[PDB]
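*Asks:* Structure below; questions to follow.
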Amino acid sequence: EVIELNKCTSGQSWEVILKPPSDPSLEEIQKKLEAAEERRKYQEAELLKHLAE
Amino acid sequence: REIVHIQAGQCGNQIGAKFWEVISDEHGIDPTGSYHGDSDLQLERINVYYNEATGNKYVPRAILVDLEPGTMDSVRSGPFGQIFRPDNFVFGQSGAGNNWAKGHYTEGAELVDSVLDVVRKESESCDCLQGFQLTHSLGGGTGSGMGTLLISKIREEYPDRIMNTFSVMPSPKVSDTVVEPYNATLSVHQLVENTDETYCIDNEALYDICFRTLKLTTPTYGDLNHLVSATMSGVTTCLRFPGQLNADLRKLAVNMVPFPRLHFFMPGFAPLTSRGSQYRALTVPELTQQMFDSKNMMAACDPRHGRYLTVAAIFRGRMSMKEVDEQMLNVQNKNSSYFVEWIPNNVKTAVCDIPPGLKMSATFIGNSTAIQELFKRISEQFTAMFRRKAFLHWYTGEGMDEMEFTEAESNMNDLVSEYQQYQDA
Amino acid sequence: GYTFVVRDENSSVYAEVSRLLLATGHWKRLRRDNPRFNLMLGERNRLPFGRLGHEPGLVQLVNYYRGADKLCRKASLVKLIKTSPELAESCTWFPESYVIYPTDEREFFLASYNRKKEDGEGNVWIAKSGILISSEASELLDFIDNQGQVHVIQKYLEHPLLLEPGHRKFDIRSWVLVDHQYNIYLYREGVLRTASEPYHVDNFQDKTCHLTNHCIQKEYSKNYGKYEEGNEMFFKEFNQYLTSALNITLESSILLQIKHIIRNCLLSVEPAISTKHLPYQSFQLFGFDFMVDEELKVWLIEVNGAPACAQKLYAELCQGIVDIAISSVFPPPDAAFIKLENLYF
Amino acid sequence: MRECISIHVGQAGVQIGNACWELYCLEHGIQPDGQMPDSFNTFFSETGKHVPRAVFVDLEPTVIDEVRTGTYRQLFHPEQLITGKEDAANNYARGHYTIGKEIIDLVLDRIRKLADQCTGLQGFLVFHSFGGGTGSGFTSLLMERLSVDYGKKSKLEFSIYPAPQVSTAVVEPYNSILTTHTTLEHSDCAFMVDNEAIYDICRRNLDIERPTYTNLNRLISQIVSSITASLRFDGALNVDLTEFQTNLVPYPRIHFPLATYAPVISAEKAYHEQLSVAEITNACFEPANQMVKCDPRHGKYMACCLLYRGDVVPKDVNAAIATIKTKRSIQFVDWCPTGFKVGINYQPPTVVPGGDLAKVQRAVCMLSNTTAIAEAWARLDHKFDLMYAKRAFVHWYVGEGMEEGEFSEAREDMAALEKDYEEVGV
Ligand SMILES: Nc1nc2c(ncn2[C@@H]2O[C@H](COP(=O)(O)OP(=O)(O)OP(=O)(O)O)[C@@H](O)[C@H]2O)c(=O)[nH]1
Ligand SMILES: Nc1ncnc2c1ncn2[C@@H]1O[C@H](COP(=O)(O)OP(=O)(O)CP(=O)(O)O)[C@@H](O)[C@H]1O
Ligand SMILES: Nc1nc2c(ncn2[C@@H]2O[C@H](COP(=O)(O)OP(=O)(O)O)[C@@H](O)[C@H]2O)c(=O)[nH]1
Ligand SMILES: [Mg+2]
Ligand SMILES: [Mg+2]
Ligand SMILES: [Mg+2]
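Protein chains in written order, with the numbering used here: chain A, 1 to 53; chain B, 1 to 425; chain C, 1 to 345; chain D, 1 to 426.
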C-alpha cells in the first residue's frame, strides 16, 4: 500500500501502488483524394457514355 | 432538399393526383395553395415537395405528363386541380395506345424535349435537388414507355441524383390490354438499370386486398388508388416531416439497397381501410402483426417464400415508443429465419407524431427476395406470348427489333436469379 | 421455435444434446457462423463471449461459463485454492501443490520437501503438465525442466482407498451442471475410473497401478475390464462394496465431502464468472475428479470444463442438461440431479 | 497558457457538444450570453464575455441551425459554426472524399483562427460518431489534415460507438471500421461511448422507458465533464492533454480507455440518502455503469485512474481501494504496476436544472485501459465480416471513388488491433 502525493489546489492527486510488475504529407493525402476523384469522374463518364450509346 | 415529382400517363396521373391531394391535406394546404394548418412541424419540410410562390402560396414541384389530354383534363377539374403550376402540364394529342414502343420511341420522343424543359426549370430553382420521383404504371404506353424514356434522359442530365419511382405492375385481374406483360418487361429492364429505388405497387395485390380482405366484390380503380395514395403517404412521411431515419432519398437508398440491381421494394400498410369505413384505433401489437402479414403487402408476393434483405417500418400517430420497439423486436425474433443473418440490424423503425384520416397507422417498406415472385409472374406471361411472337407487330411496326425483347426478358430473368441467389445465402 | 448453433463437433456430450433438441419440434439447428441463435453450444477455446447477447430482443444462452478456466486449469486451480479468501484457510481437501516453471513456487516446494524429509514424513510427490511419481525432489524437478510449459507438483496421496478384490486404486468422477441462475446440480450417477492392477507402494513406474487414467488402463493394463466393463465401476456397485466391506454408505462416507467440495469450489469463483450483469446467460457441465484415501477422506484432484460422460449415462445426463439448463431459459409448450445448497436457506 | 480547442463533427458530435458546453457553462457559472458574474480559460476565451474555443462542423445545416437559433446562440461566434448543404448520406466515402474535399479547407481556416488566439495550444478534442458519414468520413480526413498542420499537438477523441437501439444506418459497421483504421495513427487517446451502454443506463438507472438523444447526451456530457474537469479546474491529475496519453496509453495503438461513471441516480428517486466513497468506488467495477459494454473481470488492466468530484477525502479513497482489491477481479498485465492513479476535484458535480439526473454530493469517473474493450471491436468486426462477405452495400462506397482494397486494408488493421489486445491481455 505505497502512496505518492503530487500537487494540491482545488482538490489533490496522488498514486497508490499495490504491487510492482514482473506521417503522410499534405501531398500524400491530396494524391489519394484526387485518385478517388478521378475514379468517380471515370465511372460517371462510363455511365454517360453508355447512355449516349 | 427538394424532390422533383413527375407523373406520366393515365395511371401515373391518377395515383399522382391522389398523392398530392393526400399530402396537401396533411400539410394544411388547400386547393388554392394557401396554408391553413394547425401545426408548423406541416411547414418545416414543405420545401421538399412544394415551391414557395408570390402571395405565400405553396405550389407542388410536380410535372404532369401524358400523350393524351383526357386524364390531365380530369385532374385540372378535380378538387386539387388548381394547385398545380399550369405551365407544368405537358401533353400531346395522339395518345400511346397502350404501346411501350409508341411511348418510348415514336409518340413519346416527340414530346420528351418539352417535358425536359420543365424538369430543367424546376431543377434550376432548387437550392439542393435530391432527385426525382416518378409515378406511373408499367402496363400502359405513356407511363411505361415514355416514363422510362424520361428516366433515361433525366439520368443523362442528372447522373449524380437519385431516381425514385412508384411503379404500378400490371395484372390480368385488373387489365386494360393483353400486351401488358410486354410493356411491363420492357419497363422493368429500364428500371433495373436507371433507378435507384422503385416501389413495386402490384395491381394484383391491390385487387386481392380489395376483394379478399375488404370484401369489395367488384373493386374499381378508385378502390385500388385508395390503397396506393395511403401507401405513398406512408412511405414518404420520413421525407416530408422532421425525422432521423431515411430522411432523404439517398440515405433511404443506402439503407435499403445492398446490391445495385436489387432496388424493388414491397410496400405494406395497416390498417387496410376501405373508402368510407367504420370506431376502433388498432393497438401497436395489432399494427405490427398486420403490416408484416402477406395480406397487407402491396406486391403479390409471399414474404414467407423469401428473405428480407432490409426493412423500413414507419408508425404514425400518438403511441408508446417502448411498445413499438417491443413489437418490432418480437416480429423479428418470432420469424428470424425470414431476415438475412448476414445484414445485422436490417430492420429500422421510425415514428411520426402526425397521423394520416386515421388515429394511428403503420407503413412497411421491404426489400424482400420474395419480390422475384412478381417478376416471375410477369416473365411467365411475357414468355407465353413472346414464344409465339404474338402481338409483336404492334411493336416491330414502331421500329423495335425482336432482339430488344430477348434482352429485356433475359435481364428480368437475371434479376430473378439474383434475388434467388441471395435467398439461398 | 428456438434456434441453436453447434461450434464443437468433437464434444460427445453436446452432440447427443444437439440430437435431443432436434428430436422435439421446437429446436432448429443453424449454421455455426449464424449469429441469430438462442442457444450456443460453443467451442472449447477462444469462445466469442463478447458478441453474445447483443442481438436485440433475442435471448442468448451459452454452454460455458466465461472464466471457468480459473478453476478448470491445473495451475489456476492451485492458484485459486491457495489465494481465494473462501479457500486459503479452510481448504483441507486439496493436496499440497506448488506451481513449477521450467511467480514460480519452486523455492517453497523445496522448503516443504526438506521439512518432510528431516521429520521422517511421507515425501512422495506427483508432477503433471507427462506424469512423474517420485520421492526425490532432484528427479522431479529435472523432469519438469526437460518438458516445456508449467507443471504442478502435488503431494502424492500414498495411502489410497483400495478396492477389494484386486487391491486396486481408483478415482471418482462426478458430473456437475451449473445453470443460468448459478444453481449447482450434482448428477446422481458418478463413475469410478478404476485400475485393473494391484496397487503397490514404491516402484511408481508401474503406471497401470499408480495411474487410474482410462487410456492408461486400456492400452497398458493386461487385466483391462477384468472386474468391471471398461474399468468403470458405478455408484450402485460401489455403495454395495462400501456398505458390505466397510459397513458405511457412499452417501455419508464420501458423497457429503464431494458435495461440500463442489459447492465451495464453484462459489469461490461465482463473483468472477456470474452472468447476472451480462447481456447473455451461461451454463456449464463440469467434471470433478476426486481421490479417496484409506481414512475415507475425499481429495479434489482436478476440475474439467469440457468433460466426457460414461456410455450408459450419456442419455440421462444429456437429457438432464436439456431439461435443467436449456428448458429453464427456453421452455417448451407443455430426481436425477441433486441441487447442492448451504445448510441454511 | 495551455488552451484546448474542441471540434464537434456531424450530428452526434454537434449534439453532444451542445450538451457539454451547456454543462461547462453551469459548472463555471457562465450565462448563455457569455457573461460570468484562470483554469477555465483553457476552454473559454474572454472579450469585455466567455466564448468557447470550439468549432461545430456538419455537412448539413439543420442540426447546427438549432445551435444558431437556440438558448446558447449568443455563446458562440458565427464563424465557429460551419455547415454544408448536402450530407454524407451515412456514407464514409462521401464524408471523406466527395463532400469532405469541398469543405475541408474552410474548416481548417476556421480552426486556424482559434489556434491563432492561443498563447500555448495543448491540442484538440474531437467529438464524432463512428456511424455517420460525416462523423466517420469527414473526421478521419480532418484528423489526417490536423496531423499535418499541427504536427506535435495532441488529439483526443470522443467517439460514439453504434447501437441498434438508436442506429440510423445498416452500414454503420462499415463506417466504424473505415474511420477507426484511417484515424488510428492520428489520435493520441480515444474515449469510446457505446450508445447501447448509455441507453441501458438511462433505462435502468433513470427509469426512462425510451431514451431520446437529449437523455443520452446529458448523461454523456457528465462523463465527458469528469474527464475534462482536470483541464478546466486547477486539478492535479491529467492537467494537460499529454498526461492522458502518458497515464493511460502504453502503446500508441492501444489508446482506448474504458470510462465508468457513478453514481447515476434518478432526479425523482427520493429514497437516496447520499452514497459514500467505496459505495461509488465499488460501482466503478460494476459492468452496469461502464460507457462501453464489456466484461472487465475477464480483461487485464494496463492503467486505472480514479477521478473524484465533490465531497471526497483521501482517507476514504485509500480505504475504498484497499477493500475493493480483496473483493474484485482486478487483474493487471504482468508488465505493469498494479496501482491506481487518484485525482480529486473538490468542485461537486453539477446537473442541468430540470434534468433526469439527481444532484449528488460526490461522484467518480474511472478511466481504465483494459483489454476488455476489445470486445467492442470484436462485435463491430463481426458485423463488418457478415456484410462484407457478400459485398453488401459496398457499391455505395465504390461509387464515390473508394476501392474494395480500402475495405480489406481497414479490416486487416482491425484484425491487427484485436490481436494487439490479445497479446497484451495474456
Ligand atoms: N449519443 C448520441 N448518438 C447520436 C446522436 N446523433 C446521432 N447519434 C448516433 O450517430 C450515428 C449516426 O451518425 P450521425 O452523427 O448522426 O451522422 P452524421 O455525422 O451527421 O453523418 P451523415 O448524416 O451521414 O452526413 C448513429 O449511431 C446515431 O445513434 C446524439 O445526439 N447522441
Ligand atoms: N495427488 C495425487 N495422489 C494420488 N494419485 C494422483 C494424484 N494426482 C494424480 N493422481 C493419479 O493420476 C491420475 C491422473 O491425474 P491428473 O490430475 O493428471 O489427470 P486429469 O484427468 O486431470 C488429465 P492428464 O491425462 O493430463 O493426467 C489420477 O486419475 C490419479 O489416479
Ligand atoms: N392502380 C391503378 N392502375 C391503373 C390505373 N389506370 C390504369 N392502371 C393500370 O395501368 C396500366 C395501363 O396504363 P395506363 O396508365 O392506363 O396508360 P398510359 O397512358 O399508356 O400510361 C394497366 O396495367 C392498368 O391496370 C389507375 O388509376 N390506378
Ligand atoms: Mg402511367
Ligand atoms: Mg404506362
Ligand atoms: Mg447528418
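Backbone N, C-alpha and C define an ideal beta-carbon position, used for all residues, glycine too.
By the criterion of Cβ-Cβ separation under 8 angstroms, what are the contact partners of B:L227 in chain C?
*Replies:* Chain C residues near B:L227: none, gap ~30 angstroms exceeds 8 angstroms.
*Asks:* Quick check: B:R1 and B:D160, are their CB atoms within less than 8 angstroms of each other?
*Replies:* No, Cβ-Cβ distance for B:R1 and B:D160 is not below 8 angstroms.
*Asks:* Given 7 angstroms as the limit, tell me if D:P162 has its C-beta closer than that to any heavy atom belonging to ligand 1.
*Replies:* Result yes, Cβ under 7 angstroms from ligand 1.
*Asks:* Measuring only the C-alpha atoms, how far is B:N255 from C:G130?
*Replies:* Approximately 58 angstroms between the Cα atoms of the pair.
*Asks:* When DSSP labels each residue in this structure, what does B:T406 get in the three-state scheme?
*Replies:* In this structure, B:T406 counts as helix in the three-state DSSP scheme.
*Asks:* Within the same chain, show all residues whose beta-carbon is closer than 7 angstroms to that of B:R45, passing over the 5 residues directly before and after it, in chain order.
*Replies:* If we look at B:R45 and ignore the five residues flanking it on each side, its Cβ neighbours are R240, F241 and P242.
*Asks:* Quick check on the DSSP output: the beta strand (DSSP E) that includes B:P267 runs from which residue to which?
*Replies:* Run containing B:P267: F264 to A270, per the beta strand (DSSP E) assignment.
*Asks:* Which residues, in order along the segment 326–345 of chain B, keep a beta-carbon less than 7 angstroms from a beta-carbon of chain C?
*Replies:* Under the 7 angstroms Cβ criterion, the segment 326–345 of chain B contributes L329, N330, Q332, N333, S336 and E341.
*Asks:* Between the segment 28–62 of chain C and chain B, which residues of the former have a C-beta closer than 7 angstroms to a C-beta of the latter?
*Replies:* Of all residues in the segment 28–62 of chain C, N34, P35, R36, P56, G57 and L58 have a Cβ within less than 7 angstroms of some Cβ in chain B.
*Asks:* Based on DSSP bridge pairs, tell me the residues matched to D:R203.
*Replies:* Looking at the DSSP assignment, D:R203 forms no beta bridge with any residue, so it has no partner.
*Asks:* Secondary structure at D:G17, three-state DSSP: helix, strand or coil?
*Replies:* In this structure, D:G17 counts as helix in the three-state DSSP scheme.
*Asks:* According to DSSP, is D:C118 helix, strand or coil?
*Replies:* Coil at D:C118, not helix or strand.
*Asks:* Comparing the CB of B:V228 with every heavy atom of ligand 3, is any distance shorter than 7 angstroms?
*Replies:* Yes, since a heavy atom of ligand 3 falls inside the 7 angstroms radius drawn around the Cβ of B:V228.
*Asks:* D:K85 CB to nearest chain B CB: under 8 angstroms?
*Replies:* Yes, D:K85 lies at the interface with chain B (some Cβ there is under 8 angstroms from its Cβ).
*Asks:* Let me check one thing: in DSSP terms, what residues is C:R168 bridge-paired to?
*Replies:* According to DSSP, C:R168 bridges with C:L163.
*Asks:* Tell me the rounded alpha-carbon separation between C:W175 and C:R73.
*Replies:* One C-alpha to the other measures close to 17 angstroms.
*Asks:* Using the beta-carbon count (16 or more within 10 Å), is D:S6 buried or exposed?
*Replies:* D:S6 should be labelled buried.
*Asks:* Could you give the residue range of the alpha helix (DSSP H) that holds D:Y271?
*Replies:* That residue, D:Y271, is in no alpha helix (DSSP H); it is neither H nor E in DSSP.
*Asks:* Can you confirm whether D:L237, when its beta carbon is compared against all beta carbons of chain A, has any partner nearer than 8 angstroms?
*Replies:* Yes - at least one Cβ of chain A is within 8 angstroms of the one on D:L237.
*Asks:* Between B:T349 and B:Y422, is the Cβ-Cβ spacing less than 8 angstroms?
*Replies:* Going by C-beta atoms, B:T349 is not nearer than 8 angstroms to B:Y422.
*Asks:* Spatial neighbours of D:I103 within its chain, please: CB distance less than 8 angstroms, with the 5 preceding and 5 following residues excluded, ordered by chain position.
*Replies:* Hits under 8 angstroms: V57, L59, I82, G84 and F138.
*Asks:* Looking only at its own chain, which residues have a Cβ that is under 8 angstroms from the Cβ of B:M400, when we skip the five neighbours before and after it?
*Replies:* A101 and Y105.
*Asks:* Taking only three categories from DSSP, how would you classify C:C318?
*Replies:* DSSP places C:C318 in helix when its eight states are reduced to three.
*Asks:* Out of D:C305, D:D149 and D:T212, which has the shortest C-alpha to C-alpha gap to A:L26?
*Replies:* Looking at the Cα atoms, D:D149 is the closest of the given residues.
*Asks:* What are the residues of the segment 166–180 of chain D that lie near chain C, defined by any Cβ-Cβ distance shorter than 9 angstroms?
*Replies:* Cβ contacts with chain C: none found.
*Asks:* Should D:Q290 be labelled buried (16 or more other beta-carbon atoms within 10 Å of its own) or exposed?
*Replies:* Looking at its Cβ environment, which holds 16 or more other Cβ atoms inside 10 Å, D:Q290 is buried.
*Asks:* Do C:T208 and C:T194 have their C-beta atoms within less than 8 angstroms of each other?
*Replies:* It is not a contact, given that the beta carbons lie outside the stated cut-off.
*Asks:* When we look at the beta-carbon of B:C128 and count the other beta-carbons within 10 Å, is it buried (16 or more) or exposed?
*Replies:* Burial call: exposed.
*Asks:* Give the DSSP-derived three-state secondary structure of D:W396 in the structure shown.
*Replies:* DSSP places D:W396 in helix when its eight states are reduced to three.
*Asks:* Beta-carbon within less than 7 angstroms of C:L250's beta-carbon, same chain only, minus the 5 sequence neighbours each way: which residues are those?
*Replies:* Cβ within range, chain order: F235, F238, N239 and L242.
*Asks:* Measure the alpha-carbon distance for D:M36 versus D:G310 and round it to whole angstroms.
*Replies:* C-alpha separation (whole angstroms): 22 angstroms.
*Asks:* Between the segment 294–306 of chain C and the segment 214–231 of chain C, do three or more beta carbon pairs fall short of 8 angstroms?
*Replies:* At 8 angstroms Cβ cutoff, the stretches do not touch.
*Asks:* Could I get the ranges of all uninterrupted beta strand (DSSP E) runs contained in the segment 231–261 of chain C, with 3 residues as the minimum, in chain order?
*Replies:* Runs found: 232–234.
*Asks:* Roughly how many angstroms lie between the CA atoms of C:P48 and D:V249, to the nearest whole one?
*Replies:* Spanning the two alpha carbons is a distance of roughly 26 angstroms.
*Asks:* Just checking: is the beta-carbon of D:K293 within a distance shorter than 8 angstroms of some beta-carbon in chain B?
*Replies:* It does not; no Cβ of chain B falls within 8 angstroms.
*Asks:* D:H395 CB to nearest chain B CB: under 8 angstroms?
*Replies:* By this cut-off, D:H395 is an interface position.
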